[PDB]
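Undergrad: quick one, fold the following:
(9 chains, ligands or ions: 2)
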Amino acid sequence: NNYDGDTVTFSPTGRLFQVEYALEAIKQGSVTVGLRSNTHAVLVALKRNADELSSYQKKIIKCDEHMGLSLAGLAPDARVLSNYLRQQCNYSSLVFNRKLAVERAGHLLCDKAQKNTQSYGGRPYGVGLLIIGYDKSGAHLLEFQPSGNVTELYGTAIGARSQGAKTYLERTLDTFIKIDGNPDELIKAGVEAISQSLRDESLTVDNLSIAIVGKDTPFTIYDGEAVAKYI
Amino acid sequence: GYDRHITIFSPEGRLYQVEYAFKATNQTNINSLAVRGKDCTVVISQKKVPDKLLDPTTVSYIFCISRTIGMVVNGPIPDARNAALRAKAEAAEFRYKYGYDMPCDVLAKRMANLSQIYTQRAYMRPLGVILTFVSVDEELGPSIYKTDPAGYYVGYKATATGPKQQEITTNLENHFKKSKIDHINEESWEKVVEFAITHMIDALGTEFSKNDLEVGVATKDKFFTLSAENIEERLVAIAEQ
Amino acid sequence: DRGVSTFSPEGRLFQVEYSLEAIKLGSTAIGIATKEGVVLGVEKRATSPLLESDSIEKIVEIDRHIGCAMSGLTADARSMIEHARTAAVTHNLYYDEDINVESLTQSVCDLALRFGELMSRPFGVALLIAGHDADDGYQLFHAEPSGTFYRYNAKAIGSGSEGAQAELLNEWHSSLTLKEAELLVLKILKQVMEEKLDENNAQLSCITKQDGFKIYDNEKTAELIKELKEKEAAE
Amino acid sequence: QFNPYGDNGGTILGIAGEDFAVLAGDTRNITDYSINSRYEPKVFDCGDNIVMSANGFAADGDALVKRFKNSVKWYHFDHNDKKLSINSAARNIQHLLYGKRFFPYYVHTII
Amino acid sequence: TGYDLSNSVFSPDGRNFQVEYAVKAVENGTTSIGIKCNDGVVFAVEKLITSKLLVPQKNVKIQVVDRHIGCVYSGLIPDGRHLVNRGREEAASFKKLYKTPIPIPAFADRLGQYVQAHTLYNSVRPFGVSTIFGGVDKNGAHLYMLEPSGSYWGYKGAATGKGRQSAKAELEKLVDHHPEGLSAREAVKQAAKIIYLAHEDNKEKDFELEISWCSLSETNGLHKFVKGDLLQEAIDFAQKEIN
Amino acid sequence: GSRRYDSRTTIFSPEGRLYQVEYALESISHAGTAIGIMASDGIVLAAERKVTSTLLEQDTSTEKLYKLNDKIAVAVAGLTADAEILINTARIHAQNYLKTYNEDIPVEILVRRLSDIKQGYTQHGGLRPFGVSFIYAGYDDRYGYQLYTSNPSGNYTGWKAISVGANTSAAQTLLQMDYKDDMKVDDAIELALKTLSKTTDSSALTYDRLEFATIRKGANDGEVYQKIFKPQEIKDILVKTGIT
Amino acid sequence: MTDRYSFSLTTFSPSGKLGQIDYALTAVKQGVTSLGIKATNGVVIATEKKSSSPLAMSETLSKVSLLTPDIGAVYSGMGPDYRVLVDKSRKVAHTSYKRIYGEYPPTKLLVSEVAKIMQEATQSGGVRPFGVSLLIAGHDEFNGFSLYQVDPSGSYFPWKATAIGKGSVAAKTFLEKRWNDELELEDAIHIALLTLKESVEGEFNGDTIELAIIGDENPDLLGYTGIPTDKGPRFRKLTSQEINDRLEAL
Amino acid sequence: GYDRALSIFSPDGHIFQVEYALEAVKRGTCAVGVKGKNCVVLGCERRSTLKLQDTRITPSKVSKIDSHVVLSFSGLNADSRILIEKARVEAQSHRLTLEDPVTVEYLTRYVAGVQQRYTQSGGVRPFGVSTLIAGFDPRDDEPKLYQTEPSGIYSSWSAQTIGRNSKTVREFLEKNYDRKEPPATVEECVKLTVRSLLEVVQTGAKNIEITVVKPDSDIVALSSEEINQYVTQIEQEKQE
Amino acid sequence: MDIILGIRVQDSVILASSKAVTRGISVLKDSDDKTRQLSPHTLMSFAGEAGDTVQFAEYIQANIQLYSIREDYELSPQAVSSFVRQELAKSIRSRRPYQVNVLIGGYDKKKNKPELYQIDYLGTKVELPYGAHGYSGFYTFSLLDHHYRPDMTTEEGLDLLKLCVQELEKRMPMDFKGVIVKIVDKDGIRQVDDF
Ligand SMILES: [Cl-]
Ligand SMILES: [Mg+2]
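TA: Residues are numbered from 1 along each chain as shown, chains lettered A, B, ... in the order given. Ligands and ions are numbered 1, 2, ... in the order given. Below you will find the coordinate block:
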């Protein structure tokens, strides 16, 4: 009310309203799902269009051969953060000849988002990210929120009506975690998960966006006729 | 009324932020006192440790700035420590640049000038503290100089600071009316500490145990704080008289 | 007052949302993408009859394979175009090739959000960036001051945008010829324009693989206007 | 006085055919009259069917290859996974090299 | 009024309302504790299991500074991480110049001055965390607790977060019943109990226990996490006491 | 942050006026009147000191009239402290021009630059404008004798006769009435004093409440002399014209 | 972080008033009375030493300050603002004058430099004006003896005699009756003490009054001998005993 | 540095500071530009509340940017000096690098670009000035007349006016100026410009300034008597 | 670059400047004009380091032309020469100084007097009846000491100048490919085409 003019101001109950309003931009964004087994990690994203004449807004971004994310909210902020991740992944490779750990990737994003919430003039990032990766400690899935809070999970979903997919994954936890050495079945579980967040619309050929990373699989994105298999 | 939020003049020629910083001084509810002997300068302060979980050895409002200068603070600990760290750096730098130990009164002026800057420049707030500096200066002898959030400073024959400061002040005033002199006519610093504690007991009207007090003593070429057992020994001497 | 980069309670940047209102006040611009080329057309909208309408430059060349049409506070577009042209030429210098239409659009959209307390406010102008490259062929992009860009088969921006977009929805198909697309822009411009459409108050342009980006003459557009009126009367 | 350059020796060779191309190089690395390695490769697969070697001062050579490999990576990110053509790679390398016009990479480069 | 809208503005009381508002964010956060022991310190924290989908043991909240200092905090987790990052820089520059690892009191002031600096200007926000930290140095064991204002003291036991009063009460009993001192292995077991008892103030979601420790004898003066058999032993001890 | 306390000194009103410039002009309207009159053979500068006290040292005082170089002088109306900042800039600017071209600065060039400085304070920087209006009186070999004025807006204009400060409306009417183009310096001296004597808020105009200066070619052959009048010299010129 | 106050905190109000300057002058009005009188062969400046506490040593607090060997200064208003001005005034005398010309600045020019500092606090970003009025007394070879007043605006005026602060209105009236152009220095010290007794309420002696003169050269106060041209400082601060001597024949 | 974003968007999609700068232009004295077949003429109003002026030394309303291009304006006078100076510097800089004087379109584009930069730069307000820029390109006999405004938009005009009561004089020019046949001679163009100002001015004495620009750096300012002859001729023909 | 001369007579200033531009063992050009018009009644000839000469001349030209437009007034030859001297005086203590020597010939319209200023690359200004830079002076100065009179006409000045060029063509080691002569007077600047 009087305490939402900028990010530098706390409310009387100890709340940062600009950070909460940035969080609200994620809820308006299109649904995306993340899940993993022990061998692979999968991102499934529902893309959104302006109208029938427009293209469908690309949700998934590659960061390295072994890491990438899906976005929900302000796309330009996801571009800024994914670019920062690309640089940090790249710095780790050039200097240390070392693939960047997915956990450290999260720690770096947390600290970048935090600085924007404690200084005058700047603003919080208006986007949520789901980072998947395969590193030296197996498959990983992270959930980034622009408050700074990063969380490692077996599965999750963010965006509009994400609670439907999140409930499904909470029931299916024991099934999909043991889909080891089988990419297609782990995607199928992810496609079935995102389907629980659909209303009126259904998954079409240029609407669905899938990505996968794993043991002997680089981070690759599937769009168009390549995702017709999973409808 | 944004003239009450930052350090600019109000219609009646006042700086409200400076005045409110003065009120932050008493937020700890601690009373301090400082007096001068022949050879020494004693400073005493109340020590209140309410929480049982606190480590009482780390609860302190007296600071060793340099080897010769000591400082007691009335005000919140963060601002107290802020002021202490800066004073330490300033005293060290002074020695390096000018080849001799920074006098008590010169440090007081320097910290006062820094406090003045916060009353004029808008981006910096005043510190909510009153800094009492004590030493045995090699030129001026026993010395007590005190700084406040307004940037004011002055030397003292003796002084007191805190919520019940006025009761302690008049207690000391009445003594110096009677003695007809500027200091405590006493040979050892031990008895000057006994004087300081005695006159605080009379003014505040409370008794003190060893853990209720905190004592700093400045002699020629060193300033030091007393331990609990050093104070207990000092309390026993008062009781047996 | 309040911060420039402040979020509203609904999760949108105030200044970005206000700049979008400025773009709605601007003159109409329409783009249509086909397999034979991309057409760009604009409403000139002279404020007075004494103003020489040929000096109204609302369609602009970025490179030989990329064109651009604008709508809103058109003065703000000068530094955007300047950056686009430099980006296009600079890429050719570094890589000895034409730059992808998408990569050019992305480079322009990076400027968009570089504002705050960098420039003092967002841009008050939307751009239609039309071009061709070897990889993705004929492309039309809509670049906003939010930093977002969408590819389109066809798109209208400006004051008559919502009315024109609904018309483009029905009329566009994947087998449109270039000639058909030229007439369709003129048709839809004439519908949404306040004053009566002619060669002086409206301008056409296109980009083809063979001839590159070309702004049409007033003589050439006039014949396409005459051809359009005859075809509508013919049924 | 400190000399920032050295000569690691070796030799490389590129030949182009009708539908193929070779880039060869010996595996010996040397300083003065001593052998450092009998097998230290200096012809590298950089991706996009581009092979590269930067023979001369090995530290500058490795630095350049490392930078070009990185340039290929960022070309994919910035331009939608587009294949870097051999002619485009060449022009990119010119800018890498000339960027150090006044403190050069002491290498003969072949791709 | 309007004295609470801007940081670094004194109210007519002499208070900085923005700092007090940051304390409310700390009070909202999960419970965390610190226990000083014979030859070291023990830290513990409550991790709320929001979902089955959280990977157990893989959202670590306790952070190490240098090799000998442990830090835990309650409130805004990102703010805590920012403070530790600074701590690590402060500890690194101390060791760079002075060779010896940073003493705990020395380290405590480096954070304290940094946190206090964020109450001096309106262009910055105060920290939304109370930080419990400590370790073992040349002078023995030290435990500290630092607050949004920059205020810190040494502690025998320390607690902060939503269940601070429950934990404080339980800590006060340990100080009374063990005047000669508490051992390192005991303090790990007690820490588990106190988190389980303090969980009664946050009992909608069930939780995950996380403990760490520095001890001159048990961990050789270095910070380590309690895992495996020793962790399960402390959990079982805590489970037996609640029933 | 600090946005809360920003007055925004360099903005437009809805009517298209600069708030701070208008208010600075309102300040200047209460300052002591200063008059400039340009004759064919010289220039007069006259100014009224602000409510003098009897114990003010009059002979070793400088409030209104300042020397910029040997050929140019200014009469001040507004904040003296502000004027001195601008005067020292102008003095320096004159010496830069002399050092560069080995020629005394043309009057307009000095005026333009000083007025451009004032302009800057109204368009950028977020600072308050200078609460000062100048009357520039000077000579160069291009335009001869010249009178200019500048104000806080940074706008300057040329004049045959002009007043700034208090009662300019009444003063300008009286100058417009009695001024003519073939006028001499001695006549202009008399006009300047008569105008102040009628527009003054004081009871009677006396020597101790005035500063006076002339710029004549009254030196020996084709050269300009600046005369800043002494107290006794103002007393004599006041008796000579029949005011006291 | 960083000083984000790059804008003026003193601005013109619709009426043409500069609010902060007016309010600074109000702070000067509240302040303790000080005065200055110019004689034929000297200048005197004086003020009351308002003690904050009787335990406080009023000797350590110096309201009358030496700026150069021939120039002194006294104030009314906020003491801390005065103290920093004296520091800056002393330094500027060296940097902008003595290090260039090899000699101390004349009174009028040092006053001008102080005025400049006080004007900048009226216009620069993120600062309030100084809450003091200064009275600067001094001597230099070509201007002789002089006395200046400097206000928060940065404006300065030369005076034969004047007073500032608490009871300035009454004090200026008293000085108008007693001042003439033939006053010797001792006569001016006498008048200064008479004028100051009116404004002082409590004790009136050498320990509660601070008074200094700009008079003849003092070779004894120079510290060295041998250079004939160097004859010593014209600024002298009168001792507590020296004041009490003149209070008996009052 | 002073960073504040002074020019910003409002809920209805307007930048008020830019729009309020247009009000300053509307307050300013009227200026008119008319281009003929082989010339351009710039007319300017001078308000007659100022007597006892010295017209020798007072800043003239029309300013030469180069020997072949001129700039008149309406709005804040102090602001206009800054634009003129920048334009003059750019005019010489163009000659230095391209070895050819500026085109009128290029000089306009530069000045307009400066005006635009001040609508989205931190710490600055927009220029309270609209300009009319007129002249002839190098080795070209086609007349050029351009207009700029605080927002930064610019465009070419057969004839145009700006400043106070400009909507009255634009109404006059819209019916009296024929596109098919512009003023064939210098006299015809000056007369139409003087006529258009006489709709607004008051008296045709020392209130109207006229500056004629012809090809190949041929610029001259008319005197009082020369302008007064047009005023005398128009009034006699009017009485009919 | 090499030979630049200057002669001030009764009513004009005459500047002669060599046409050759040599680099290495090749005369690249034999028709080079080593001068720039700074203003209608002021001409500057120049000689020195390759590149620096023209860059400096044009930089000065731009500044004087800017002044002319701003004030609508021609700067005096004395004023221009002082501006040029100061630029060279700054230059000499720079990281890389302009190695350019100049002659400034102008007609002062206020005084109705021709003026010739000789300024070297250090910023050493002198007003002279006749001037030269480089080795040229070693022949021409002694020749002009003898033959020069202050009251000469422009035609007499051109014959005096011919006498200098003949001597230089006889005794100089390098072929400088003759000179371009220009006259500066009350009516402005004009070039003598047949010399
Ligand atoms: Cl200091
Ligand atoms: Mg020479």
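Undergrad: could you use CA atoms for every contact and neighbour count after this?
TA: Fine.
Undergrad: packing partners for the lengthiest helix in chain D?
TA: Secondary structure of chain D per DSSP state H: the longest helix is helix D:58-78. Packing partners of helix D:58-78 (3 or more CA pairs under 8 Å, 6 or more residues apart in numbering or on different chains; DSSP states H and E): strand D:51-56, helix D:86-98.
Undergrad: go again with 7 Å.
TA: Contacting helix D:58-78 under the criterion 3 or more CA pairs under 7 Å, 6 or more residues apart in numbering or on different chains; DSSP states H and E is no other helix or strand.
Undergrad: quick one, that helix and strand D:51-56 angle?
TA: 150 degrees (axes from the mean of the first three to the mean of the last three CA atoms, to 10 degrees).
Undergrad: show me what counts as buried in helix D:58-78.
TA: D:58-62, D:64-65, D:68-69, D:71-73, D:75, D:77 (16 or more other CA atoms under 10 Å in any protein chain shown).
Undergrad: try stretch H:169-182
TA: H:169-170, H:172-173, H:177, H:182.
Undergrad: give me the neighbour count for residue B:42.
TA: Using other CA atoms under 10 Å in any protein chain shown, residue B:42 is surrounded by 32 other residues.
Undergrad: roughly how far does it sit from chain A?
TA: 44 Å (CA to the nearest CA, to the nearest Å).
Undergrad: what distance do you get for that residue to chain F?
TA: 44 Å.
Undergrad: touching, that residue and residue B:62? I think so.
TA: No: contact criterion CA atoms under 7 Å: residue B:42 and residue B:62 do not qualify, at 11.7 Å.
Undergrad: state the phi and psi torsions of the residue of chain B found nearest chain H.
TA: Of all residues in chain B, the one sitting closest to chain H is residue B:123 (14.3 Å; CA to the nearest CA). When read as degrees, to the nearest 10, the backbone of residue B:123 gives phi -70, psi -30.
Undergrad: spatially nearest residue to it (excluding sequence neighbours)?
TA: residue G:3 (5.6 Å; CA to CA, 6 or more residues apart in numbering or on different chains).
Undergrad: that neighbour and residue G:84, how far apart?
TA: Counting by CA to CA, to the nearest Å, the gap from residue G:3 to residue G:84 is 21 Å.
Undergrad: more neighbours: which of those two?
TA: residue G:84 (19 against 16).
Undergrad: so what touches the host helix or strand of the more buried one?
TA: According to DSSP states H and E, residue G:84 maps onto helix G:79-93. Contact partners of helix G:79-93, identified using CA atoms under 7 Å, 6 or more residues apart in numbering or on different chains, comprise B:113, B:116, B:151-152, G:67, G:75, G:104-105, G:110, G:114, G:130-132.
Undergrad: right, and the helix or strand after that helix?
TA: Sequence-wise, the next helix or strand downstream of helix G:79-93 (DSSP H and E) is helix G:99-101.
Undergrad: any idea how far residue F:173 is from the spatially closest residue to residue F:184 that is not a sequence neighbour?
TA: Spatially, and ignoring its direct neighbours in sequence, residue F:184 is nearest to residue F:39 (5.4 Å; CA to CA, 6+ apart). From residue F:39 over to residue F:173 the distance is 18 Å, taken as CA to CA.
Undergrad: between these two, tell me which one has more neighbours.
TA: residue F:39 (25 against 12).
Undergrad: give the bridge partners for the more buried one, please.
TA: For residue F:39, the beta-bridge partners under DSSP bridges are residue F:42.
Undergrad: my read is that it contacts residue F:186, right?
TA: No: counting by CA under 7 Å, residue F:39 stays clear of residue F:186, with 9.0 Å between them.
Undergrad: surely residue A:66 meets residue A:134?
TA: Yes: Residue A:66 is in contact with residue A:134 according to CA under 7 Å; the separation is 5.6 Å.
Undergrad: shared neighbours, these two?
TA: Common neighbours of residue A:66 and residue A:134 (criterion: CA under 7 Å, 6+ apart): residue A:213.
Undergrad: residues making contact with the longest helix of chain D?
TA: Contacts for helix D:58-78 (CA under 7 Å, 6+ apart): C:103, D:8, D:46, D:54-55, D:82, D:84, D:93, D:105-107.
Undergrad: so in chain I, which strand runs the longest?
TA: Ranked by residue count and defined by DSSP state E, the top strand of chain I is strand I:100-108.
Undergrad: give the next helix or strand downstream of it.
TA: Counting by DSSP H and E, the next helix or strand C-terminal to strand I:100-108 is strand I:113-119.
Undergrad: for the next helix or strand after that next one, name the packing helices and strands.
TA: Scanning forward in sequence from strand I:113-119 by DSSP H and E, the next helix or strand is strand I:125-127. Judged by 3+ CA pairs under 7 Å, 6+ apart, strand I:125-127 is in contact with strand I:113-119.
Undergrad: for the strand it packs on, the distance to its chain's centre please.
TA: 9 Å (CA atoms, centre = their mean, to the nearest Å).
Undergrad: one more: stretch G:179-197?
TA: For stretch G:179-197, the distance to the chain centre is 17 Å (CA atoms, centre = their mean).
Undergrad: who's the nearest residue to residue C:26 once chain neighbours are set aside bridged to?
TA: Excluding the flanking residues, the one nearest residue C:26 by CA to CA, 6+ apart is residue C:72, at 4.0 Å. Each beta-bridge partner of residue C:72 is listed here: residue C:125, as defined by DSSP bridges.
Undergrad: centre of the chain to the helix or strand encompassing residue F:238, how far?
TA: Applying DSSP H and E as the criterion places residue F:238 in helix F:231-240. Offset of helix F:231-240 from its chain centre (CA atoms, centre = their mean): 21 Å.
Undergrad: what of stretch C:53-61?
TA: Its chain's C-alpha centre and that of stretch C:53-61 lie 12 Å apart, by CA atoms, centre = their mean.
Undergrad: may I see the buried residues of that stretch?
TA: Quick answer for stretch C:53-61 (16+ other CA under 10 Å): C:53-54, C:56, C:58-61.
Undergrad: could you check whether it is close to chain H?
TA: Yes: using CA under 7 Å from any CA of the partner chain, stretch C:53-61 comes into contact with chain H via C:55-56.
Undergrad: what is the burial count for residue I:193?
TA: 8.
Undergrad: same check, this time on residue C:192
TA: Other residues lying near residue C:192 total 18 when counted by other CA under 10 Å.
Undergrad: what's the answer for residue E:79, then?
TA: Neighbourhood size, residue E:79 [other CA under 10 Å]: 26.
Undergrad: quick one: it is in a helix?
TA: Yes: according to DSSP: H, G, I helix; E, B strand; the rest coil, residue E:79 belongs to a helix.
Undergrad: let me see the contact set for it.
TA: A:114, E:127-129.
Undergrad: format these as CSV; extra columns: neighbour count and secondary structure.
TA: Formatted as CSV, the contacts of residue E:79 follow (neighbours: other CA atoms under 10 Å in any protein chain shown; DSSP: H, G, I helix; E, B strand; the rest coil):
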residue, neighbour count, secondary structure
A:114, 24, helix
E:127, 29, coil
E:128, 31, coil
E:129, 30, strand
